[PDB]
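Notes follow the structure.
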Amino acid sequence: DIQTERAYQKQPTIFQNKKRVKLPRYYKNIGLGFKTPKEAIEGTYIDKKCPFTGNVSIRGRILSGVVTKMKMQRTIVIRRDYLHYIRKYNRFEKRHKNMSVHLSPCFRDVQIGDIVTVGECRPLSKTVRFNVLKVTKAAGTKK
Amino acid sequence: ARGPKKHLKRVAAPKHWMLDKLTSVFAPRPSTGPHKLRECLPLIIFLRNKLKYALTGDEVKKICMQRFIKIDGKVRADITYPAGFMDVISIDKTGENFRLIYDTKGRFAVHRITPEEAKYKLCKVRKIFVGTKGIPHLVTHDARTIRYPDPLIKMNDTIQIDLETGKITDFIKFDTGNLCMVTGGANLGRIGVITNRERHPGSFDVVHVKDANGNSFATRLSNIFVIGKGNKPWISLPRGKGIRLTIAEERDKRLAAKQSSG
Amino acid sequence: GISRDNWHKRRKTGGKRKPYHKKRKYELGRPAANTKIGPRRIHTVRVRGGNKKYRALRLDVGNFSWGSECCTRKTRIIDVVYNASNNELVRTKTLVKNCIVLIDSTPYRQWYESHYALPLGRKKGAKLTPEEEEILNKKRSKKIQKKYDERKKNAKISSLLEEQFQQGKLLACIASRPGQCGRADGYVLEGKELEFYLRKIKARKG
RNA sequence: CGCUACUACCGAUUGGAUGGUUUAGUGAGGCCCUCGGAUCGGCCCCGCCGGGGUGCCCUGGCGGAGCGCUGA
RNA sequence: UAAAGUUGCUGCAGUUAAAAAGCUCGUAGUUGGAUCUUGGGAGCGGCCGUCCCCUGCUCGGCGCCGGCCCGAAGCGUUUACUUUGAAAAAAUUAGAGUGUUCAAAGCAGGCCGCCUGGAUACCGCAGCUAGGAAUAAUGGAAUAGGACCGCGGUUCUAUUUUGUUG
RNA sequence: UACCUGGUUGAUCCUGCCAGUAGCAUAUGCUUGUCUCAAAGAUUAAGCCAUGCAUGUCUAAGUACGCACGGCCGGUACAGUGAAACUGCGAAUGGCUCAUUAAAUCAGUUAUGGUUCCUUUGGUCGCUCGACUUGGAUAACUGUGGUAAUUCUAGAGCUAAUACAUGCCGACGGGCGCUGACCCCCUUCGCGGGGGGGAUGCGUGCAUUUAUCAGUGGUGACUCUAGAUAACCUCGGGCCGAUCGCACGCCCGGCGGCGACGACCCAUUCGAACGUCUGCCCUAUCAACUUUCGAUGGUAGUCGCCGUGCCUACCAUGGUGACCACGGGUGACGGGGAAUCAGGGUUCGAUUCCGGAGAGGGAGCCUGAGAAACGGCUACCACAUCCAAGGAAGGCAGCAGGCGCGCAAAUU
RNA sequence: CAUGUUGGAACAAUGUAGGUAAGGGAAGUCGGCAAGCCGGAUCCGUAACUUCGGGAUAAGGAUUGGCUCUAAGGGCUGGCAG
């Protein structure tokens, strides 16, 4: 189910050796008014880098982007698309700066083309400095 | 650049000293102290250019090393000591007391006061702290860490303290309708009443401040310093009383000054 | 020396970086401690900001906490059993953080004797002839014996810990960093975490 | 096509000369680790007896080790 | 560098002066028809010219007696656009004052101890913020896994309450 | 000031360049009376340097027994000066140059809830049952010496401290959490029972670890700040004052003022350091690049001041690119700015302000809060000095000045 | 099976058949003839030219013993146990 790894996956807040005659969870609210999902409270997953169940503090820039690649382990590549202005030719030009965001498994059902609102935190890895705070799927919704 | 810098170039000095560039390359880099390098007067600048007791820098050496100047009732003998906002400078021999209060333009005014007015000063709380054994501490804007302050004196309030003891004499809470002075930004050294503080979670909060002539300017919460209640302040105010009369209206008074008194 | 810089290596795109400055000091690497289990040897490092950092090269006696019964005792470290990171840190018996060890069992059995007035270990029929320890299992009042008779109902130990008291050595997990602190502080394994590390020990051996 | 003047081109020469990065080999010096032990001090029970409590003994003028243990 | 409208966004040329691929398909790129609260009122300016509207359920009163509403605050399709504010080192430039004897300058000076300056703008974009909703993108109900309801149950944890004591 | 003129022809109208025209900032030619500002070895050679200087420092307040001076005549040690010299702070600022470096540097904007910080400033400096000054060297000195030579140091003989060490009177009488001889009391038919008093021994205040009773205060949000209990306290140790001189007064061997110096820690100030968003010149005769010897992620450590493939073991197969990746060039340090401009642009920015980098090329480190420091060391590599041939010594892209190089740039 | 159709004793020259040589290293010679160097495997790296198949084991590098360990790769019985 969980703990397929070499070391025991647990949370460093809870203690899970109570004496007898359903272990509890460590959740938190992220701040700036974001609804912490049901999957991060009723869920069983252990994740170090999750901003609901794990240890990370969201502070600084809240950005948005559209999901591109989902082939990594608990990480996704989003695309930010913007228009750079040139003063000489009084027009714009399409650019993009696609970035690597950490995705918590409290977002259980995500596909490509979804719009994720991501928050700045400390560097998680070499090129990961953002966490998905909410997922807002595009047009369609059903088939 | 492998350690802390010790010189200050006269060109790259804070703008509100008014230091003429043709004199020297360097300006008085203020000694580390209770206030920041940008937003403070060093002692030499106040005692040389503003008062003209000293013609040179060796003369503020000869003044300070006879120890007549006492900053906040404490005898300071360092020519580059950073005297910031609301810090009261006292010359004991002359019998003159000067409070450092911001001008209409955003400069430090040569504002004289009574000896009664000298014994107390106002300090904005920067944070509260819980000490080593549930001792509430309280750090001000001049690094004053007062211990056992009143449980109602919170984060952004203002405390009137006595200088002899260093205890809290009285306090003012951050109320909408209290007087305040903007101590930074574009609106530097204007007195007005608070109408609303815009709550932006994460980023800085902005306060809308209305002066007596009926003019609404906004600023960050970092620069606002509450100084009294309603219409009357707790401190002596300088000439003008931080109205900020506009460049056309200044020429309208400068006309009448040299036309009437001639 | 050993650089800890992030600019000596490639970009995200996969292009070779150019160095704009050479090795700075605040980019600093010291060689590892590799803290073996032996008679206590600790060196000190003068670090950035003139602070200390204690390089435990050997330490034999740690300080482990029985989180369930709540008693922390300065206990002897004996043998290393598991290491999640490197299998060659169990062959060369080193002490790093989150490393599973066998600690002495007698300072916890002593406390369980004193606090509850029960035995732990003690084989079928194996009773005490010199008579020192067994004077702790008898002779209370008829009303402070009644104090102890509240503790005895909520006494019974976990049956997976029963064996680690009879063998005389407890599976413990180090929590501090012997390289940095000059200490081997940890906690005794019980519950699901114990069962997990018991399987991973037992899995290979056979 | 024949004379002169100048500028580029192909060209056998397994051409030549300067750099730049770098594979191998050897590898100075510093740093860490395990040692090491040139040396320099403690301390002890005896011997000649002081000096003072009554042979115990508080400190010393000295010779001597099993260099006894111990520090740098 | 200007003259160079002889490198062109403003702003050039391509029948013959130099120049349109031999033809069509075609992916990025670029660009994309029309369509959705408009009139009319309403008091006061002097037949006409402004204000306000086709929005809602923690906290004070001008209060009446499970309540008849206005005052401060958590809130309400997304973005570009424009408007204002914040925040933005001086120096330089633009500029205000001032007879360095004029000027370029500089930050000083003026009146018989006093008075008085040492302003002010500009500071592309990117981020922050609050108005405006035309223009241009974008969202919603069509296997109804629809909006508004008041209803009837399935389970968990606080407190308003069980005289102390479980 | 939103501008044009000459030249293809026998002559004409065009396209189109060439040539004139004005500014600017380098060189140079000829010429020169006054006065006021004033750039100046950047371009080529981040080429080489003889000589001199450029970083030293004491008040009443760490340490004076130099008679080098000196007041006193005989004072219970010490008047005042005083070279040294040891202590402890500075030398990591400044100054110079632009060699490298193209999302790097740097600019605006934000994060440190992810760290460190000498000093300044303000707190705390009898909260911990638990000694009227304690050890023994060592410099200057004295007296002996070695080498041609260095800001070389040896052997011997003294003596100091805020250097190096060691340590306790006081507060001190207790208070508080386990452990428990026995004590107050009846209930019921004696056992069960409902609450208190206590002879003890132990543990005692801020760092490492784990726990819950919890969560006094705060945050947009903490595994926050505090509070409680069980242990640990690194011989290469967290403090818990053997320091100094101004006036010295109270009281019958105690009390007391005014300041230096010093101190673990907290909060400041100066910062620094790593990260967030967006932004750059030419090039396709550079179209795919990265990854076994980390490339992009996961996990658990190591190391670091801290976050992180920074590094190591296991895994996963990712990461970037026509919206120009990757590779290459640049007479490329970046920006504030500068020249020219109707309006839009074009070109320049080594150059006094901010940030960066380097000290002939690389590499490594000692000390310190802070250098990977070069007016500090340790090696190699070029260049080069004195030599009695054994050995020492050196880093002007600091201020002057000399050589070279040049179209090109100042007084030892 | 009895050393190839015989034994014994010596250890001269010159032979035939093996080997090794300091320093140099083709100067020897018609001519590197003869001899010598290289050699297996595993991991790197691989040019001109090309009939695009090759060239190619191009050229050029590194490692290799013994011992004690770890890791991964399978079947039978009613995501697990034996």
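A note on labels: chains of the structure tokens are A, B, ... as shown, every chain counts residues from 1, and ligands are counted from 1 in their shown order.
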
If we count only C-alpha atoms, which residues of chain A reach to within 12 Å of chain C? Please list them as an mmCIF file with C-alpha atoms, in the first residue's frame.
```
data_model
loop_
_atom_site.group_PDB
_atom_site.id
_atom_site.type_symbol
_atom_site.label_atom_id
_atom_site.label_comp_id
_atom_site.auth_asym_id
_atom_site.auth_seq_id
_atom_site.Cartn_x
_atom_site.Cartn_y
_atom_site.Cartn_z
ATOM 1 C CA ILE A 2 2.545 2.630 1.313
ATOM 2 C CA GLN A 3 6.232 2.286 2.465
ATOM 3 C CA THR A 4 7.571 0.465 -0.676
ATOM 4 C CA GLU A 5 10.941 2.176 0.227
ATOM 5 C CA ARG A 6 14.075 1.270 2.311
ATOM 6 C CA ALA A 7 13.214 3.662 5.254
ATOM 7 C CA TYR A 8 9.904 3.891 7.260
ATOM 8 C CA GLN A 9 7.657 6.698 5.839
ATOM 9 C CA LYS A 10 5.901 8.593 8.725
ATOM 10 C CA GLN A 11 5.189 12.231 9.840
ATOM 11 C CA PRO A 12 7.553 13.978 12.354
ATOM 12 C CA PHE A 15 3.434 9.728 17.582
ATOM 13 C CA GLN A 16 1.924 6.324 16.668
ATOM 14 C CA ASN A 17 2.772 4.016 19.680
ATOM 15 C CA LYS A 18 -0.170 4.717 22.123
ATOM 16 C CA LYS A 19 -1.084 1.964 24.701
ATOM 17 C CA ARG A 20 -4.326 -0.113 24.309
ATOM 18 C CA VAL A 21 -7.228 -1.219 26.654
ATOM 19 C CA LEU A 23 -3.584 6.616 13.713
ATOM 20 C CA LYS A 97 9.144 30.159 -19.219
ATOM 21 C CA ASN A 98 7.898 26.585 -18.411
ATOM 22 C CA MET A 99 8.783 25.636 -14.759
ATOM 23 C CA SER A 100 8.891 22.424 -12.593
ATOM 24 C CA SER A 125 15.038 20.358 -5.244
ATOM 25 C CA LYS A 126 17.594 21.739 -7.845
ATOM 26 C CA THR A 127 14.885 23.425 -10.048
ATOM 27 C CA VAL A 128 11.673 23.029 -7.890
#
```

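Proximity to chain F at a cut-off of 7 Å picks out residues 7, 13, 29, 30, 31, 32, 57, 60, 61, 72, 73, 75, 94, 95, 96, 120, 122, 123, 124, 125 and 126 of chain A on chain A, counting only C-alpha atoms (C1' of nucleotides).
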
Residues of chain B within 6 Å of chain F, only C-alpha atoms (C1' of nucleotides) counted, as a list in words: residues 2, 3, 5, 6, 32, 33, 34, 130, 134, 143, 144, 145, 201 and 202 of chain B

Could you give me, as a Markdown table, a per-residue list for chain C showing, wherever an atom lies at most 7 Å from an atom of chain F, the closest pair of atoms and their distance in Å to one decimal, using only C-alpha atoms (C1' of nucleotides) and sorting by chain then residue number from low to high?
```
| residue | atom | partner | partner_atom | distance |
| --- | --- | --- | --- | --- |
| C:4 | CA | F:310 | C1' | 4.6 |
| C:5 | CA | F:310 | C1' | 6.3 |
| C:6 | CA | F:310 | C1' | 6.5 |
| C:12 | CA | F:319 | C1' | 6.5 |
| C:13 | CA | F:320 | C1' | 4.3 |
| C:14 | CA | F:290 | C1' | 4.7 |
| C:15 | CA | F:326 | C1' | 6.8 |
| C:20 | CA | F:101 | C1' | 5.2 |
| C:21 | CA | F:357 | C1' | 6.9 |
| C:23 | CA | F:372 | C1' | 6.5 |
| C:24 | CA | F:372 | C1' | 5.4 |
| C:25 | CA | F:372 | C1' | 5.1 |
| C:28 | CA | F:304 | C1' | 6.3 |
| C:29 | CA | F:303 | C1' | 5.9 |
| C:30 | CA | F:303 | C1' | 6.4 |
| C:32 | CA | F:302 | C1' | 6.4 |
| C:42 | CA | F:234 | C1' | 6.8 |
| C:43 | CA | F:236 | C1' | 5.2 |
| C:44 | CA | F:236 | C1' | 5.4 |
| C:48 | CA | F:305 | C1' | 6.0 |
| C:49 | CA | F:369 | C1' | 5.7 |
| C:63 | CA | F:232 | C1' | 6.1 |
| C:65 | CA | F:210 | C1' | 6.0 |
| C:67 | CA | F:210 | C1' | 6.0 |
| C:70 | CA | F:230 | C1' | 6.7 |
| C:71 | CA | F:230 | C1' | 5.1 |
| C:72 | CA | F:231 | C1' | 4.7 |
| C:73 | CA | F:231 | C1' | 5.2 |
| C:74 | CA | F:232 | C1' | 6.5 |
| C:84 | CA | F:300 | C1' | 5.8 |
| C:85 | CA | F:300 | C1' | 5.1 |
| C:86 | CA | F:313 | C1' | 4.7 |
| C:97 | CA | F:301 | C1' | 6.8 |
| C:175 | CA | F:209 | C1' | 6.8 |
| C:176 | CA | F:209 | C1' | 6.5 |
| C:181 | CA | F:208 | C1' | 6.7 |
| C:182 | CA | F:234 | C1' | 6.4 |
| C:185 | CA | F:209 | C1' | 5.2 |
| C:186 | CA | F:209 | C1' | 6.2 |
```

Please report as a tab-separated table every residue of chain E lying within 9 Å of chain A, along with the nearest atom pair and their distance in Å (one decimal), using only C-alpha atoms (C1' of nucleotides).
```
residue	atom	partner	partner_atom	distance
E:9	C1'	A:89	CA	4.2
E:124	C1'	A:87	CA	8.0
E:125	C1'	A:85	CA	7.4
E:139	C1'	A:139	CA	7.9
E:145	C1'	A:142	CA	8.0
```

Residue neighbourhood residue 209 of chain B, 7 Å, only C-alpha atoms (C1' of nucleotides), exclusion window fewer than 5 positions, as a PyMOL selection string: chain B and resi 192-195+216-218

Go ahead and write the residues just picked, N, CA and C atoms, as a CSV table (one decimal), in the first residue's frame.
```csv
chain,number,residue,atom,x,y,z
B,192,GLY,N,-1.7,63.7,9.7
B,192,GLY,CA,-3.1,63.4,9.3
B,192,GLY,C,-3.7,62.4,10.2
B,193,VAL,N,-5.0,62.1,10.0
B,193,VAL,CA,-5.9,61.2,10.7
B,193,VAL,C,-6.1,59.9,9.8
B,194,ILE,N,-6.1,58.8,10.5
B,194,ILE,CA,-6.3,57.4,9.8
B,194,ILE,C,-7.8,57.3,9.5
B,195,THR,N,-8.2,56.9,8.3
B,195,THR,CA,-9.6,56.6,7.9
B,195,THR,C,-9.8,55.1,7.7
B,216,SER,N,-6.4,63.5,1.1
B,216,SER,CA,-6.2,62.1,1.4
B,216,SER,C,-5.0,61.6,0.6
B,217,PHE,N,-3.9,61.2,1.3
B,217,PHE,CA,-2.8,60.5,0.7
B,217,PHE,C,-2.7,59.1,1.4
B,218,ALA,N,-2.3,58.1,0.7
B,218,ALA,CA,-2.1,56.7,1.2
B,218,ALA,C,-0.6,56.4,1.3
```

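The chain D residues that come within 10 Å of chain C are residues 30, 31, 32 and 33 of chain D, with only C-alpha atoms (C1' of nucleotides) taken into account.
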
Can you tell me which residues surround residue 45 of chain C at a distance of at most 7 Å, considering only C-alpha atoms (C1' of nucleotides), apart from same-chain residues fewer than 4 positions away, and format the answer as JSON, numbers by chain? {"C": [52, 53, 54]}

Mind listing the strand (DSSP E) residues of segment 182-257 of chain B, per DSSP on the backbone, as a list in words? residues 182, 191, 192, 193, 194, 195, 196, 197, 198, 206, 207, 208, 209, 210, 211, 215, 216, 217, 218, 219, 220, 224, 225, 226, 228, 229, 232 and 233 of chain B

I need the chosen residues saved as a PDB file, in the first residue's frame, with N, CA and C atoms.
```pdb
ATOM      1  N   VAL B 182       3.833  60.156   8.647  1.00  0.00           N
ATOM      2  CA  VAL B 182       4.413  59.234   7.628  1.00  0.00           C
ATOM      3  C   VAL B 182       5.929  59.466   7.621  1.00  0.00           C
ATOM      4  N   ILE B 191       1.392  65.185   8.705  1.00  0.00           N
ATOM      5  CA  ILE B 191       0.492  64.818   9.840  1.00  0.00           C
ATOM      6  C   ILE B 191      -0.940  64.715   9.305  1.00  0.00           C
ATOM      7  N   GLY B 192      -1.658  63.657   9.689  1.00  0.00           N
ATOM      8  CA  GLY B 192      -3.059  63.420   9.296  1.00  0.00           C
ATOM      9  C   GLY B 192      -3.723  62.364  10.161  1.00  0.00           C
ATOM     10  N   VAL B 193      -5.025  62.144   9.953  1.00  0.00           N
ATOM     11  CA  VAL B 193      -5.861  61.170  10.720  1.00  0.00           C
ATOM     12  C   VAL B 193      -6.107  59.932   9.848  1.00  0.00           C
ATOM     13  N   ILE B 194      -6.127  58.750  10.470  1.00  0.00           N
ATOM     14  CA  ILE B 194      -6.336  57.439   9.787  1.00  0.00           C
ATOM     15  C   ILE B 194      -7.840  57.263   9.547  1.00  0.00           C
ATOM     16  N   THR B 195      -8.214  56.886   8.321  1.00  0.00           N
ATOM     17  CA  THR B 195      -9.609  56.603   7.888  1.00  0.00           C
ATOM     18  C   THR B 195      -9.786  55.093   7.677  1.00  0.00           C
ATOM     19  N   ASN B 196      -8.822  54.437   7.022  1.00  0.00           N
ATOM     20  CA  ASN B 196      -8.856  52.979   6.738  1.00  0.00           C
ATOM     21  C   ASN B 196      -7.431  52.459   6.530  1.00  0.00           C
ATOM     22  N   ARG B 197      -7.141  51.251   7.032  1.00  0.00           N
ATOM     23  CA  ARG B 197      -5.929  50.454   6.688  1.00  0.00           C
ATOM     24  C   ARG B 197      -6.367  49.248   5.844  1.00  0.00           C
ATOM     25  N   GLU B 198      -5.990  49.234   4.560  1.00  0.00           N
ATOM     26  CA  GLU B 198      -6.333  48.162   3.584  1.00  0.00           C
ATOM     27  C   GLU B 198      -5.621  46.864   3.983  1.00  0.00           C
ATOM     28  N   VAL B 206      -1.686  49.011   3.442  1.00  0.00           N
ATOM     29  CA  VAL B 206      -1.673  50.456   3.060  1.00  0.00           C
ATOM     30  C   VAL B 206      -2.726  51.186   3.903  1.00  0.00           C
ATOM     31  N   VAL B 207      -2.352  52.329   4.490  1.00  0.00           N
ATOM     32  CA  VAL B 207      -3.225  53.185   5.350  1.00  0.00           C
ATOM     33  C   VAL B 207      -3.558  54.466   4.579  1.00  0.00           C
ATOM     34  N   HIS B 208      -4.836  54.860   4.559  1.00  0.00           N
ATOM     35  CA  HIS B 208      -5.335  56.120   3.941  1.00  0.00           C
ATOM     36  C   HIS B 208      -5.390  57.208   5.019  1.00  0.00           C
ATOM     37  N   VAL B 209      -4.584  58.263   4.860  1.00  0.00           N
ATOM     38  CA  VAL B 209      -4.344  59.324   5.884  1.00  0.00           C
ATOM     39  C   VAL B 209      -4.810  60.671   5.315  1.00  0.00           C
ATOM     40  N   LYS B 210      -5.649  61.394   6.067  1.00  0.00           N
ATOM     41  CA  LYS B 210      -6.310  62.664   5.659  1.00  0.00           C
ATOM     42  C   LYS B 210      -5.797  63.806   6.546  1.00  0.00           C
ATOM     43  N   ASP B 211      -5.121  64.807   5.965  1.00  0.00           N
ATOM     44  CA  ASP B 211      -4.586  65.982   6.713  1.00  0.00           C
ATOM     45  C   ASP B 211      -5.710  67.009   6.915  1.00  0.00           C
ATOM     46  N   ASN B 215      -7.117  66.569   2.649  1.00  0.00           N
ATOM     47  CA  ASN B 215      -6.343  65.963   1.532  1.00  0.00           C
ATOM     48  C   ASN B 215      -5.942  64.532   1.907  1.00  0.00           C
ATOM     49  N   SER B 216      -6.398  63.549   1.126  1.00  0.00           N
ATOM     50  CA  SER B 216      -6.210  62.093   1.368  1.00  0.00           C
ATOM     51  C   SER B 216      -5.001  61.586   0.570  1.00  0.00           C
ATOM     52  N   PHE B 217      -3.922  61.225   1.273  1.00  0.00           N
ATOM     53  CA  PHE B 217      -2.758  60.467   0.743  1.00  0.00           C
ATOM     54  C   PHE B 217      -2.698  59.109   1.444  1.00  0.00           C
ATOM     55  N   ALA B 218      -2.253  58.076   0.723  1.00  0.00           N
ATOM     56  CA  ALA B 218      -2.075  56.693   1.224  1.00  0.00           C
ATOM     57  C   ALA B 218      -0.577  56.379   1.344  1.00  0.00           C
ATOM     58  N   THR B 219      -0.219  55.481   2.265  1.00  0.00           N
ATOM     59  CA  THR B 219       1.172  55.009   2.511  1.00  0.00           C
ATOM     60  C   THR B 219       1.135  53.576   3.048  1.00  0.00           C
ATOM     61  N   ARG B 220       2.287  52.901   3.056  1.00  0.00           N
ATOM     62  CA  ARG B 220       2.473  51.572   3.698  1.00  0.00           C
ATOM     63  C   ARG B 220       2.387  51.728   5.221  1.00  0.00           C
ATOM     64  N   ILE B 224       3.925  54.749   8.776  1.00  0.00           N
ATOM     65  CA  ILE B 224       2.915  55.443   9.638  1.00  0.00           C
ATOM     66  C   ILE B 224       3.314  55.300  11.119  1.00  0.00           C
ATOM     67  N   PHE B 225       3.350  56.426  11.845  1.00  0.00           N
ATOM     68  CA  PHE B 225       3.724  56.557  13.281  1.00  0.00           C
ATOM     69  C   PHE B 225       2.638  57.386  13.981  1.00  0.00           C
ATOM     70  N   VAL B 226       1.754  56.758  14.771  1.00  0.00           N
ATOM     71  CA  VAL B 226       0.648  57.469  15.492  1.00  0.00           C
ATOM     72  C   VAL B 226       1.269  58.300  16.625  1.00  0.00           C
ATOM     73  N   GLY B 228      -0.779  60.833  18.586  1.00  0.00           N
ATOM     74  CA  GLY B 228      -1.837  61.436  19.421  1.00  0.00           C
ATOM     75  C   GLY B 228      -3.210  60.872  19.100  1.00  0.00           C
ATOM     76  N   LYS B 229      -4.260  61.674  19.312  1.00  0.00           N
ATOM     77  CA  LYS B 229      -5.677  61.333  19.005  1.00  0.00           C
ATOM     78  C   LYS B 229      -6.378  62.548  18.383  1.00  0.00           C
ATOM     79  N   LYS B 232      -5.416  66.845  18.258  1.00  0.00           N
ATOM     80  CA  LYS B 232      -4.297  67.294  19.136  1.00  0.00           C
ATOM     81  C   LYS B 232      -3.242  66.196  19.250  1.00  0.00           C
ATOM     82  N   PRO B 233      -1.950  66.493  18.961  1.00  0.00           N
ATOM     83  CA  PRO B 233      -0.864  65.539  19.181  1.00  0.00           C
ATOM     84  C   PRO B 233      -0.339  65.569  20.623  1.00  0.00           C
TER      85      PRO B 233
END
```

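Distances here use only C-alpha atoms (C1' of nucleotides); by that measure, the residue among G:17, G:79, G:54, G:43 closest to chain A is G:79.
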
Taking only C-alpha atoms (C1' of nucleotides) into account, which residues of chain C are within 10 Å of chain G, as a PyMOL selection string? chain C and resi 87-88+91

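For the pair atom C1' of residue 10 of chain D and atom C1' of residue 51 of chain G, the separation is 26.6 Å.
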
For the contact check between chain B and chain E, emit one row per residue of chain B within 10 Å, containing the shortest atom pair and the distance in Å rounded to one decimal, counting only C-alpha atoms (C1' of nucleotides), chain then rising number order, as JSON lines.
```
{"residue": "B:9", "atom": "CA", "partner": "E:90", "partner_atom": "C1'", "distance": 9.9}
{"residue": "B:10", "atom": "CA", "partner": "E:90", "partner_atom": "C1'", "distance": 8.9}
{"residue": "B:11", "atom": "CA", "partner": "E:90", "partner_atom": "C1'", "distance": 5.7}
{"residue": "B:12", "atom": "CA", "partner": "E:90", "partner_atom": "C1'", "distance": 4.9}
{"residue": "B:13", "atom": "CA", "partner": "E:90", "partner_atom": "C1'", "distance": 6.7}
{"residue": "B:14", "atom": "CA", "partner": "E:90", "partner_atom": "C1'", "distance": 7.5}
{"residue": "B:15", "atom": "CA", "partner": "E:90", "partner_atom": "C1'", "distance": 6.8}
{"residue": "B:16", "atom": "CA", "partner": "E:118", "partner_atom": "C1'", "distance": 9.8}
{"residue": "B:17", "atom": "CA", "partner": "E:118", "partner_atom": "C1'", "distance": 9.9}
{"residue": "B:18", "atom": "CA", "partner": "E:118", "partner_atom": "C1'", "distance": 6.7}
{"residue": "B:19", "atom": "CA", "partner": "E:118", "partner_atom": "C1'", "distance": 9.4}
{"residue": "B:20", "atom": "CA", "partner": "E:107", "partner_atom": "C1'", "distance": 6.9}
{"residue": "B:21", "atom": "CA", "partner": "E:91", "partner_atom": "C1'", "distance": 9.3}
{"residue": "B:22", "atom": "CA", "partner": "E:106", "partner_atom": "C1'", "distance": 8.5}
{"residue": "B:38", "atom": "CA", "partner": "E:89", "partner_atom": "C1'", "distance": 9.8}
{"residue": "B:105", "atom": "CA", "partner": "E:119", "partner_atom": "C1'", "distance": 8.4}
{"residue": "B:185", "atom": "CA", "partner": "E:87", "partner_atom": "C1'", "distance": 7.2}
{"residue": "B:186", "atom": "CA", "partner": "E:87", "partner_atom": "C1'", "distance": 8.8}
{"residue": "B:198", "atom": "CA", "partner": "E:129", "partner_atom": "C1'", "distance": 9.9}
{"residue": "B:200", "atom": "CA", "partner": "E:129", "partner_atom": "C1'", "distance": 9.4}
{"residue": "B:203", "atom": "CA", "partner": "E:128", "partner_atom": "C1'", "distance": 8.0}
{"residue": "B:204", "atom": "CA", "partner": "E:128", "partner_atom": "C1'", "distance": 8.9}
{"residue": "B:206", "atom": "CA", "partner": "E:86", "partner_atom": "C1'", "distance": 7.8}
{"residue": "B:217", "atom": "CA", "partner": "E:85", "partner_atom": "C1'", "distance": 8.1}
{"residue": "B:218", "atom": "CA", "partner": "E:85", "partner_atom": "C1'", "distance": 7.0}
{"residue": "B:219", "atom": "CA", "partner": "E:86", "partner_atom": "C1'", "distance": 6.4}
{"residue": "B:220", "atom": "CA", "partner": "E:86", "partner_atom": "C1'", "distance": 7.2}
{"residue": "B:246", "atom": "CA", "partner": "E:120", "partner_atom": "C1'", "distance": 9.6}
{"residue": "B:247", "atom": "CA", "partner": "E:120", "partner_atom": "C1'", "distance": 7.2}
{"residue": "B:250", "atom": "CA", "partner": "E:119", "partner_atom": "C1'", "distance": 9.5}
{"residue": "B:251", "atom": "CA", "partner": "E:96", "partner_atom": "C1'", "distance": 9.4}
{"residue": "B:254", "atom": "CA", "partner": "E:116", "partner_atom": "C1'", "distance": 9.5}
{"residue": "B:257", "atom": "CA", "partner": "E:115", "partner_atom": "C1'", "distance": 9.4}
{"residue": "B:258", "atom": "CA", "partner": "E:115", "partner_atom": "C1'", "distance": 9.8}
{"residue": "B:261", "atom": "CA", "partner": "E:115", "partner_atom": "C1'", "distance": 9.5}
{"residue": "B:262", "atom": "CA", "partner": "E:111", "partner_atom": "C1'", "distance": 9.1}
```

Name the residues in contact with residue 66 of chain A at a cut-off of 10 Å, using only C-alpha atoms (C1' of nucleotides), excluding same-chain residues fewer than 2 positions from it; report them as a ChimeraX atom specification. /A:64,68-69,77-81,98,112-117,135-138

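The spacing separating atom CA of residue 81 of chain C from atom CA of residue 104 of chain C amounts to 14.1 Å.
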
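Across the structure, atom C1' of residue 401 of chain F and atom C1' of residue 38 of chain F are spaced 24.6 Å apart.
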
What are the DSSP alpha helix (DSSP H) residues of chain C, as an NGL selection string? :C and (88-91 or 106-116 or 145-151 or 159-166 or 178-181 or 192-204)
